[PDB]
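Protein chains in written order, with the authors' numbering: chain A, 4 to 366; chain D, 4 to 366; chain H, 4 to 366; chain C, 4 to 366; chain E, 4 to 366.
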Amino acid sequence: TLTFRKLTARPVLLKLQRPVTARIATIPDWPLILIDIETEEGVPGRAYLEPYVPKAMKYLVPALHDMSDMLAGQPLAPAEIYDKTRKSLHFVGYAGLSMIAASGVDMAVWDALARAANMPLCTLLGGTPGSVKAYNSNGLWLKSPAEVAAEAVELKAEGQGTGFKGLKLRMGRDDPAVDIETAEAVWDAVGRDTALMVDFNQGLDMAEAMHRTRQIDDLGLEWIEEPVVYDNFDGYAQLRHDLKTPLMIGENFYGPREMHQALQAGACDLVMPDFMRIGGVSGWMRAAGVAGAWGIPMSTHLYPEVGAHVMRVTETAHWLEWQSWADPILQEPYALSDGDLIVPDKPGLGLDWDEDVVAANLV
Amino acid sequence: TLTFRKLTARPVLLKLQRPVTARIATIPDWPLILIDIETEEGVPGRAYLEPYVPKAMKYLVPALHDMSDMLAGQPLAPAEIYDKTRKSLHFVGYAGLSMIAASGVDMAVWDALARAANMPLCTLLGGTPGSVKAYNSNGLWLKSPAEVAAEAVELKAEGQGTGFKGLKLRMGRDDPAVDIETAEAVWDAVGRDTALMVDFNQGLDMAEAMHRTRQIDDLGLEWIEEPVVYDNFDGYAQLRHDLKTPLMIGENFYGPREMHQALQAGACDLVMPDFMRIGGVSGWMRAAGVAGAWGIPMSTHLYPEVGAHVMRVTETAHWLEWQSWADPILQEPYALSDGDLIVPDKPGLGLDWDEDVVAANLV
Amino acid sequence: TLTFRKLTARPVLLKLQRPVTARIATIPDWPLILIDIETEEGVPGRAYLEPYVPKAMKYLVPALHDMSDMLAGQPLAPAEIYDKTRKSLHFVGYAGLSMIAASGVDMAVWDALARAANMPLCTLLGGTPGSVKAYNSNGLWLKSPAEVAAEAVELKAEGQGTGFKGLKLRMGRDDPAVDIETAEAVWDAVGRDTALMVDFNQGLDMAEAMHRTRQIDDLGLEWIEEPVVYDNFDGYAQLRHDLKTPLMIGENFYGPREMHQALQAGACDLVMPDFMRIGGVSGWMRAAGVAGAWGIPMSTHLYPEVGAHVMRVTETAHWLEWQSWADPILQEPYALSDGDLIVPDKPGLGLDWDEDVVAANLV
Amino acid sequence: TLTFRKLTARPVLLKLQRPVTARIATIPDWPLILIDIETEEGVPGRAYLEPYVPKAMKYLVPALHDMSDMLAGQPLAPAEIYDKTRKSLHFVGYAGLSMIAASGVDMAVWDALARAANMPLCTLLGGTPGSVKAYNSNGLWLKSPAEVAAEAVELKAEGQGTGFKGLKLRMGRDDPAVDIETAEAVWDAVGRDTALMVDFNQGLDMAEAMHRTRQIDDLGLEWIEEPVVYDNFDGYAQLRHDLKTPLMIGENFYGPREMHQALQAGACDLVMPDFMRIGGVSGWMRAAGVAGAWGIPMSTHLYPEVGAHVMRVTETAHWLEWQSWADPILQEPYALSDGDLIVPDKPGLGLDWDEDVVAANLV
Amino acid sequence: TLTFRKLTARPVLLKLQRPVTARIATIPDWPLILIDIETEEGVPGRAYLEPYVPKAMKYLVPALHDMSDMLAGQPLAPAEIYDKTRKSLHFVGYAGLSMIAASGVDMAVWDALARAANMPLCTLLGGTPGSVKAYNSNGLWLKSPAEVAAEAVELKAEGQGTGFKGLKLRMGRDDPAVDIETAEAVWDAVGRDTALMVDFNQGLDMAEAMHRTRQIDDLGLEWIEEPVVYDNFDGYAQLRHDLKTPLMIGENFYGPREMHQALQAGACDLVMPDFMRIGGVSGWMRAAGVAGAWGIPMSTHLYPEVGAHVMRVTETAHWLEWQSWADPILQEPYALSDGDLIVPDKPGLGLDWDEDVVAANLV
Ligand SMILES: [Cl-]
Ligand SMILES: [Cl-]
Ligand SMILES: [Mg+2]
Ligand SMILES: [Mg+2]
Ligand SMILES: [Mg+2]
Ligand SMILES: [Mg+2]
Ligand SMILES: [Mg+2]
Ligand SMILES: [Mg+2]
Ligand SMILES: [Mg+2]
Ligand SMILES: [Mg+2]
Ligand SMILES: [Mg+2]
Ligand SMILES: [Mg+2]
Ligand code: NI
Ligand code: NI
C-alpha cells in the first residue's frame with residue numbers, strides 16, 4: 004500500500020542565462036515551485052512547477068498546502084487524487100490557478116507511485132527509457148538578426164554531437180521584415196536543414212495575424228505558433244485554413260476537454276499541451292488519447308523531464324520542447340545526444356534537488 | 004443448377020523478380036493462396052489471394068477450409084455465399100482476416116459461375132472482353148535516383164508496343180529531396196508524358212505528410228497515394244483540401260460501407276479498392292455502385308486478372324494496377340498491348356495453374 | 004458469342020380489374036409495352052414497361068425502335084448497352100422518358116443474357132430462385148371505409164395460404180377523418196397484425212402534408228409514401244424529421260445518383276425504386292450498392308417479376324410490391340405462397356406472352 | 004379574353020454554316036421545331052425549340068400535338084398551361100423530354116400573350132426593349148490552333164462595330180497543351196481585351212477535370228463551363244472550390260428547383276439556364292428569382308430572342324449567348340451593335356418564319 | 004409606348020369598424036396612402052399603402068413625391084422603376100421606409116401597365132381572373148373568450164355562403180390559459196372544421212415563446228404566427244424545430260433576399276409576405292420563385308386586392324389574408340363567395356377611389 008502523508012511546496016526565483024526579450028519588456032527572472040511529497044511508507048515524490056509569474060507563487064503555495072491538508076491520510080493514487088483536487092476547487096474554476104496547483108500535485112504523485120514500483124515513470128506508464136527528439140527553446144528572442152543568428156549557432160550545439168535538429172525562433176518585431184530577415188539570417192548561420200519553429204506568443208490581433216502569417220507562409224517554417232490570443236478559436240480556424248504551414252497551439256489548453264473542443268473547432272494542425280495547464284501526467288495521458296484518435300501530432304511545452312517520460316508512451320509524439328531554465332535546481336538534468344533528450348534509467352522522474360542553489364535562491 | 008462440393012486452399016511463396024526495397028527492410032518473398040473450388044456438377048472455380056504476410060497463410064488456410072466445410076452441399080451462388088461467410092465470423096469482425104477469407108471464396112465462386120455459363124467473367128457481369136488501360140507497379144522502390152530511372156525504362160517497356168502510359172513510383176526516403184530527385188530522374192529517362200502515381204505506403208505521420216506532400220504538389224504527379232495510416236480520415240480530409248493534386252486511397256477499405264464512410268468524410272479524390280479487402284467481385288461491384296453515384300474515378304489494387312474483368316463493367320473505371328508478381332503460377336497471364344491489359348475470351352477468369360511452379364514453391 | 008439483331012415494341016392497353024379511384028378522377032386502363040429482343044444466335048429476350056400514360060406509348064415505341072436501329076449488330080452486353088442508350092439521348096435528358104426507353108431495353112437484354120447462360124436472372128446475378136416477401140397493391144383506392152375493408156379481405160386472400168402480410172392503402176380523401184376511419188375499418192376486417200403501407204401519391208402540399216401525416220403518425224402504419232411532389236427534398240427532409248413512422252419515397256428516382264442525392268439530403272427512411280425509372284436491372288443493382296452502403300431498407304415498385312429476381316440478390320431487401328395488373332399478358336404469372344412471390348426456376352425472367360390476350364388488347 | 008385553339012409543330016433540319024467539330028465526331032445538322040399557336044380570338048404565338056438530336060423530333064411532335072388536343076378550348080394563360088402540361092406527363096418524369104415539350108409550348112404561349120397585349124415580350128414582363136451584351140458561340144470548335152485563331156477574328160466581327168466583347172472557345176482536345184495553345188492563339192489574334200468562355204461540354208471524368216481545369220486556371224478565362232457530366236454535383240463542388248476561375252453550369256437544369264439544388268450543393272459560381280430545359284419563360288422568370296436571391300450572375304443558353312427579352316428584366320443578368328444557327332428560318336433576326344443584341348420594338352418575340360427555307364428544310 | 008408623368012400620394016385616416024384590442028393599447032385608426040399615377044399617354048395607375056403608423060405618412064408622402072420628380076419622363080416599366088427607386092435610397096437602407104415607398108410605386112406602376120394592356124393584373128402575369136381561398140383577419144382581438152367566440156360567428160359569415168374556411172385568432176393575453184379557452188370557445192361556436200391561424204404579433208420573448216407555443220401545440224391550429232420579434236432567426240429556428248404545428252413568419256421580410264436568408268436559416272414552415280415590405284408585385288413574384296423552389300406554402304399579408312391577383316399566379320399559393328379595413332375608400336371591393344375572394348374581370352387591380360369618403364377622411 005501507499006498513503007499520502009504531506010506535500011511541501013518551496014518557491015524559488017532563478018536568473019535566466021538568456022533573458023526573455025519581448026517587445027513589451029525584458030524579463031530576466033524565472034520562478035519555480037519545488038514540490039516534495041511524503042508517504043506514510045517513506046516513498047518520496049518530486050516534481051516542479053513553472054508558473055511564469057513570480058507573484059502568483061503567493062497564491063499557488065497556499066493552494067498547494069491546502070491540498071496537502073485535504074489529502075493527508077488518503078491513498079496516494081494519482082487518478083483519485085486528480086479527481087479530489089479538481090472537485091475541491093470547481094467553484095472557482097477547473098481552468099486557471101485551480102488546474103495549475105492540481106497539476107503540480109499530480110506530477111509529484113505520479114513520480115512517487117513510479118518510485119514505489121521502482122520504475123522509471125515511462126516504464127510505469129507502459130514504455131521504456133530511451134531517446135526523444137527535441138528542439139531548443141532556450142532563446143532567439145526579439146534581438147537583432149545578427150545577435151539572434153549568433154545565438155542560434157550556440158543553441159544548436161547545445162544539442163551535442165550533430166546538434167538540435169530544430170530551434171524555436173520568436174517573432175513579433177515592430178517591423179515584420181526584420182522577423183523574416185532574422186529567420187533568413189539564422190538559416191544562413193546554421194544551415195537550412197535545421198527546423199525553425201516560430202512563436203508569436205499571442206502578440207498579434209487578427210488583422211496583424213492575417214498579414215503577418217501570410218508573409219511567412221512560404222518561408223519553410225516547421226510551424227507557426229499562437230499568433231493570437233489563445234482562446235480565439237474562431238480566428239485560429241480561419242488562420243489554419245489560409246495557412247499552408249502547420250498552425251500550432253495548445254500550451255494554453257486547460258485539460259483534455261479543451262483540447263477536444265479546439266479540434267472540433269478545426270483550430271489547429273498540431274498541439275503542444277503544457278503540463279501545469281493540461282492536468283499533469285494524468286491530463287496528458289488523456290489528451291494523448293484524444294490526439295491519438297484524431298491523429299494529430301503532439302508536442303510538449305516546458306517540463307522537459309516529465310515531457311520526455313510521457314513522450315515515450317505518446318502515440319503521436321512529435322517534438323519535445325527543450326530548455327535549461329530549470330536546470331540549476333537539479334543535481335543532474337537529463338543528458339542530450341544529437342539533439343535527443345535521453346530518459347535515464349532511474350525511478351520516477353529521477354529528479355534530485357540541488358539544495359545549495361535552492362537555498363541560494365529561495366523566496 | 005450448380006452445387007458447392009469443396010474448396011482447396013494451397014499456400015505458395017514466390018521469389019520476387021524485383022525485391023520490395025522499402026525503408027525498414029527489403030522484402031524478397033511474395034505469398035499466394037491458390038483456391039480451387041469443386042462442384043457436384045463438375046464445374047471448377049479458380050482464383051488466388053495475395054495476403055502479403057506469409058505467416059498469415061497459417062490463419063487463412065484453416066479459415067478457408069472451415070468455410071469449405073460450412074458451405075458443402077449448398078448452392079454455388081456468390082451473393083448467398085458472401086452473406087453466409089461474413090455472417091459466420093461477424094463475432095471476430097467483418098473487417099480484416101475474416102473479410103480476406105470471404106473474399107477469396109467469393110472470387111473463386113464467381114469464377115465457377117461464369118464457367119458454368121460458359122462466359123468470361125466480364126461477360127457474365129454484363130460487359131465483354133477487351134482492353135483496360137493499365138499502369139506498371141512492378142518496382143521503382145526506394146533505390147537511388149539513377150537506379151530507379153534505369154528500372155523505369157524497363158518497366159515502361161513491359162507494356163509492349165508503345166509501352167505503359169503510367170508507372171507507380173514509391174516515395175518516403177529519409178531525405179525528401181531525394182524523393183523529388185527520383186521523380187525528376189524517372190521523368191527525364193522515360194519522358195514527362197508518362198503519368199507517375201506516387202505511393203508513400205502510409206509511411207508518414209501527419210506533420211511529415213503536410214510538409215512532404217506540399218513539396219510535391221506542383222510536380223505534376225497523376226496522384227499521391229496513402230501518405231498516412233489508412234484509417235486517419237480526419238488527416239486525409241485535411242491533406243485533400245490542401246493538395247491540388249488528387250489524393251488517392253482505398254486499398255485498405257474493408258467493404259463498400261467503409262468506402263462510403265470515407266467519401267462522407269471527404270477523405271479522398273480517387274479510390275482504389277483491393278479485391279481481398281473490398282469483398283471480392285461481390286464487394287467490388289457494390290463499391291462500384293457507390294463510386295458511380297459520387298462520380299469518383301475508381302482504380303484497382305493487385306489481382307490484375309479479376310481487376311481487368313470487373314473494370315470492363317465499372318462506370319467510373321480509371322486505371323488498372325498491373326504487376327506480374329503472381330504470373331509464375333499461371334500458365335498464361337493476360338497479354339499486354341501498348342500498356343493495355345487484354346481480357347482474353349475465356350470462361351471465368353481463365354486461370355490455369357502451372358503445377359510445376361506450384362510444387363516447386365509450395366509451403 | 005451473343006449479338007444484338009433487333010428489338011420490337013408492342014403497345015397494349017388493359018382494363019384494370021380494380022380501377023384506380025383517386026380524387027381527381029378514375030383511371031380504368033393500364034398500358035404496357037411488350038419488348039422482344041432477337042439475337043443473331045437465336046436467344047430471345049422478353050420484358051415489359053408499365054409507363055402509366057397510354058398516349059406516352061407513342062413517344063416510347065418510336066424511341067425503342069430507334070435504339071434497336073442503333074444497337075443493331077453490336078454485342079448483347081447489358082452494361083455496355085446501358086451506356087450507349089443513355090448516351091444517345093443525353094441532350095434530351097438522362098431523367099424522364101429517355102431513361103424509360105433505356106430501362107426497357109436493359110431489362111430485356113438482361114433477360115436474353117440470362118437465357119444465353121441457361122440461368123434464371125437471379126442466378127446469373129449471383130443468387131438463387133426462392134421466395135420473396137410481398138405486399139398487395141392491387142387496390143384499396145379512395146372508396147368508402149365499408150368498401151375498402153371488404154376489398155381488403157379479398158386482397159389479403161390473393162396471397163394464398165395465410166395470405167399477404169401487408170397491404171397498400173391509398174389515402175388523400177377530402178376529409179382526413181375518413182382516411183383514418185378507412186385504415187381502422189381495414190384493420191377491423193383483416194386483423195391488426197397486417198401491415199398497412201399508406202400512399203398519398205404526391206397529393207398534398209407541404210402544409211397539408213404536415214397536418215395529415217401528423218394525424219396518422221400514431222396509427223401504427225408500416226410506412227407513409229410520397230405525401231408531396233417527388234422532387235421536394237427540402238419538404239421530405241422536414242417530414243422525415245417530424246414523423247416517427249418511416250417515410251417512404253423513391254419510385255420517382257431517375258437513376259442511382261438521384262437516390263444518392265435524396266439520401267445526402269436526408270429525404271427518407273426507406274426507398275423503393277421503379278425499374279423503368281431507376282435504369283432497369285443495371286440501375287437497380289447500382290442503387291442496391293448505394294442503399295446497401297447506407298443501410299436503407301430497399302423495396303420495389305411495379306414489375307413484380309424483375310423485382311422478385313433482383314430482390315433475391317439485394318442486400319437490404321425489404322418488401323416486394325405485388326399487383327396483378329400485367330398478369331393478363333403472361334402465360335404463367337409467378338406463384339404466390341403465404342404472401343411470398345416465388346421466383347420460378349426458369350431462364351431469364353421466364354416470361355412468355357399470352358398472344359390471345361395481346362391480340363385482344365393490342366393498340 | 005384569350006382562348007387556345009390548337010398548336011402546330013413543324014420539324015426542320017438545317018445545315019450549320021460552321022459544323023460542330025468535336026472529339027468523337029462532326030455534326031453539320033441542326034434540328035428545329037417551329038411552333039405555331041392559334042387562338043379563337045385571332046392572335047398568333049410563334050416560338051421554336053432546338054432539341055439537338057434530329058431523331059428526337061419524332062418523340063416531341065407527337066408529344067406537342069398531344070398537348071394541343073388537351074389544351075384546346077382553354078384560356079391562353081401561360082402559368083396555368085405550364086401547370087397543366089407538366090402534370091399531364093409527371094408519371095413519365097418532370098425532367099427530360101416532357102419538360103422540353105412543355106417549354107416549347109410555354110414560349111409560344113407567352114409570345115401569344117404579349118401579342119394580345121400589343122407589347123414586346125420584355126415590355127409585358129415589366130421592362131423595355133434595349134441592348135443586351137452578348138458573346139459569340141457560333142464556333143471555335145476543336146480545330147487547329149491557327150484555324151481557330153483565324154475564325155475568332157471573323158467571330159468578333161459578327162458582333163458589328165467594335166465587335167463582340169466575348170467568345171465561346173471549346174476545349175477538350177486529346178492533348179491539353181493544344182487547348183492552351185488555342186487560347187493563346189485566339190488572344191494573339193483578337194487582343195487580350197476579349198473575354199474567353201471555355202466549354203468542355205461534359206467531356207471529362209473527374210480525374211481528367213481536376214488535372215485540366217487546374218492547368219488553365221491562371222490563363223485569364225471568363226469562365227470554365229461543364230467540365231464533367233451535368234448531374235455530378237459532388238464533383239462540381241470540388242472543382243468550384245479548387246478553381247479560382249468561375250465555374251459555369253446550368254444549361255442542363257431541368258427546372259428552377261434543380262437550380263436551387265445545385266446552389267445548395269455549392270456546385271457553381273455562374274448559371275446559364277437553357278430555355279427548353281428550364282421551362283421556357285415561366286421557368287426562367289422563376290429561376291431568376293432564385294439566382295437573384297443568391298446573387299448568382301445569370302446568363303442564357305441558345306434561344307437568343309427569348310433570351311434577350313427576359314435578360315432585359317433579369318436582376319442578375321450577366322452574358323447573353325449568341326449564335327445564328329436558327330437565323331435561316333427567321334425573316335428578321337435581331338440586330339447586333341458593338342456586341343450587344345438589340346431587342347426590337349415588335350410585339351411578342353417578333354418572330355416571323357421564312358416559309359421558303361422551312362419548306363426547303365422540312366422533314 | 005408608355006411613359007411616366009407624375010404620381011400623387013394622398014394621406015387618409017380611416018376609423019376601423021372593429022378596433023385593434025392588443026395587450027398594451029386599443030388602436031381604432033387605420034392610415035392609408037392612396038397613390039395615383041399619370042402617364043403621358045393618359046393611362047392611369049392606382050394602388051394604396053397601409054403603413055400602420057399614421058405619422059409615418061409624413062415621411063412617406065414626401066418620399067413618394069421625391070420619387071415622382073426623379074421618375075418624370077422615363078418609361079413606365081415596373082422592373083426598371085423598381086431598380087431606380089431602390090437605388091436612389093440605398094444609402095438610407097434597402098429595408099424599411101425606402102422599400103415601403105418603392106413598393107407603393109411598384110404596385111401602382113404594375114396597375115398602369117396592366118391597364119395599358121387592357122388586362123387584369125393577374126392576366127398580364129400569365130394567369131386568369133378567378134377565386135382565391137381566403138381567411139378572415141378582421142377581428143378576434145384580445146377580448147374575453149365568449150366575446151371573441153361571438154365575434155367569430157360574425158366573422159365566418161362575412162365570407163358569404165358556406166362562409167370563411169379560416170379565421171385569424173390573436174393571442175398574447177397576460178394569462179396564456181385564457182388564450183387557450185378562447186380558441187376552444189371559437190371552435191365550440193363555429194365548429195372544429197374551421198381553421199384557426201394564431202398570431203402573437205411578436206409579443207413574446209423567447210422564454211415566454213417556448214412555454215406558450217408549446218402549450219398550444221396540440222390544439223390543432225392551422226399555424227402559429229410570429230411569436231417573437233421578427234428578426235430573431237436563431238429563435239425561430241428553435242421554435243420551428245420544437246413545434247409540430249407549422250410556424251408562420253414573413254409579413255416582415257424586406258425583399259426576396261430576406262426570405263431566402265430566412266429559409267436558409269431554417270426559420271419557418273410557411274411564409275406570408277406583405278406587399279409594401281416585400282417589394283410590391285415585383286418583389287412578390289421573385290419571392291414566389293424562391294418559395295416555389297423550396298416548396299414553401301406562401302400566403303399573403305394585407306392588400307387583399309393585389310394579393311388575389313398574384314395568388315392566381317403563385318405556384319405554392321396557400322391562404323389569402325382578407326380584411327375589410329381599406330374598403331371605405333373603394334367604390335367596389337372584391338366579392339366573396341364561400342370564403343374565396345373573387346378577382347373581377349377588370350383591367351389592373353380594378354381600383355376606383357370613392358372620393359367622398361376620401362375627402363371625408365383626408366389628412
Ligand atoms: Cl475526440
Ligand atoms: Cl453513397
Ligand atoms: Mg510557446
Ligand atoms: Mg493550413
Ligand atoms: Mg498502394
Ligand atoms: Mg485537393
Ligand atoms: Mg406508390
Ligand atoms: Mg422520422
Ligand atoms: Mg455549354
Ligand atoms: Mg472557385
Ligand atoms: Mg400578423
Ligand atoms: Mg416544426
Ligand atoms: Ni478552402
Ligand atoms: Ni429533432
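Just so you know, even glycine gets a beta-carbon here, dropped at the ideal spot from N, CA and C.
* Return the residue from the list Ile103/D, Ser134/D, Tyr62/D and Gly48/D that minimises the CA-CA distance to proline 276/D. => Position 273 of the second sequence holds residue 276/D. Distance from the Cα of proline 276/D is smallest, within the candidate group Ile103/D, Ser134/D, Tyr62/D and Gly48/D, for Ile103/D.
* Measuring from the CB of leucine 199/E, is there a heavy atom of ligand 8 at a distance below 8 Å? -> Sequence index remark: in the fifth sequence, residue 199/E carries index 196 (1-based). Because no heavy atom of ligand 8 lies under 8 Å away, the Cβ of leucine 199/E does not count as near it: no.
* Answer yes if the stretch 251-258 of chain A comes into contact with the stretch 280-287 of chain A, meaning at least three C-beta pairs across the two stretches below 8 Å, and no otherwise. => With the rule of 3 Cβ pairs closer than 8 Å, the stretch 280-287 of chain A counts as touching the stretch 251-258 of chain A.
* Mind the definition here: the stretch 108-128 of chain E touches the stretch 154-161 of chain E only if three or more C-beta pairs lie below 8 Å; say whether that holds. => As far as the Cβ criterion goes, the stretch 108-128 of chain E does not touch the stretch 154-161 of chain E, which means the pair count is below three.
* Asked: With a CB to CB cut of under 6 Å and the five nearest residues on each side skipped, what residues in its chain are close to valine 46/A?
  -> As a working mapping, residue 46/A is identified with position 43 in the first sequence. Cβ neighbours of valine 46/A beyond the five flanking positions: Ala115, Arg118 and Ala119.
* Asked: Hey, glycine 169/H and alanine 137/H: beta-carbon distance below 9 Å or not?
  -> If you number the third sequence from 1, residue 169/H lands on position 166. If you number the third sequence from 1, residue 137/H lands on position 134. In this structure, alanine 137/H lies closer than 9 Å to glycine 169/H by Cβ.
* Please decide whether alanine 210/D counts as near chain A, where near means a Cβ-Cβ distance under 9 Å. => To locate residue 210/D, count along the second sequence from 1; it is residue 207. Taking 9 Å as the CB threshold, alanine 210/D lines the interface with chain A.
* In terms of residue numbering, what span does the alpha helix (DSSP H) encompassing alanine 104/D cover? -> For the purposes of this step, residue 104/D is identified with residue 101 of the second sequence, where counting begins at 1. Looking at the DSSP string, the run of the alpha helix (DSSP H) that includes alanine 104/D is 100-119.
* Would a check of beta-carbon distances place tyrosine 257/C closer than 9 Å to chain E? -> Taking the first residue of the fourth sequence as position 1, residue 257/C is located at position 254. Not closer than 9 Å to any Cβ of chain E, the Cβ of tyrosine 257/C fails to qualify, so no.
* With distances taken Cα to Cα, identify the nearest neighbour of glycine 175/A among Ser327/A, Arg26/A and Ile40/A. => Looking up residue 175/A in the first sequence gives position 172. Closest option to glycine 175/A, Cα to Cα, is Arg26/A.
* **Whether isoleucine 36/H touches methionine 73/H by CB criterion (9 Å)** => Within the third sequence, residue 36/H is the residue found at index 33, counting from 1. Within the third sequence, residue 73/H is the residue found at index 70, counting from 1. Taking 9 Å as the cut-off, the Cβ atoms of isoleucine 36/H and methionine 73/H do not count as close.
* To do: State yes or no: is the C-beta of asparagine 204/E nearer than 8 Å to some heavy atom of ligand 11?
  => Taking the first residue of the fifth sequence as 1, we reach residue 204/E at position 201. With a cut-off of 8 Å, the C-beta of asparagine 204/E is classified as near ligand 11, since at least one heavy atom of the ligand falls inside that distance.
* Asked: Since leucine 172/H is in the alpha helix (DSSP H), which residue starts that stretch and which ends it?
  -> As a working note, residue 172/H is residue 169 in the third sequence. Premise fails: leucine 172/H lies in the beta strand (DSSP E), 169-173, not in any alpha helix (DSSP H).
* **Length of the line joining the Cα atoms of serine 71/E and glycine 269/E** => The residue you call residue 71/E lines up with position 68 of the fifth sequence. The residue you call residue 269/E lines up with position 266 of the fifth sequence. A straight-line Cα-Cα distance of about 39 Å links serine 71/E and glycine 269/E.
* Spatial neighbours of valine 316/H in its chain, beta-carbon cut-off 7 Å, leaving aside the 5 residues before and after -> As a first step, residue 316/H is located in the third sequence; it is residue number 313 there, counting from the start. If we look at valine 316/H and ignore the five residues flanking it on each side, its Cβ neighbours are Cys125, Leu128, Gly129 and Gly130.
* Asked: For chain H, is any of its Cβ atoms less than 9 Å away from the one on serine 91/C?
  -> To locate residue 91/C, count along the fourth sequence from 1; it is residue 88. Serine 91/C counts as touching chain H.
* Asked: Under three-state DSSP, which class holds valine 346/D?
  -> Taking the first residue of the second sequence as 1, we reach residue 346/D at position 343. Here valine 346/D sits in coil by DSSP.
* **Cβ of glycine 298/E within 9 Å of any chain C Cβ** => Position 295 of the fifth sequence, counting from 1, holds the residue named residue 298/E. In terms of beta-carbon proximity, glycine 298/E lines the interface with chain C, with at least one pair separated by less than 9 Å.
* Asked: Counting only beta-carbon atoms, is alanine 82/D nearer than 9 Å to chain H?
  -> Residue numbering aside, residue 82/D sits at position 79 when the second sequence is read from its first letter. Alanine 82/D counts as touching chain H.
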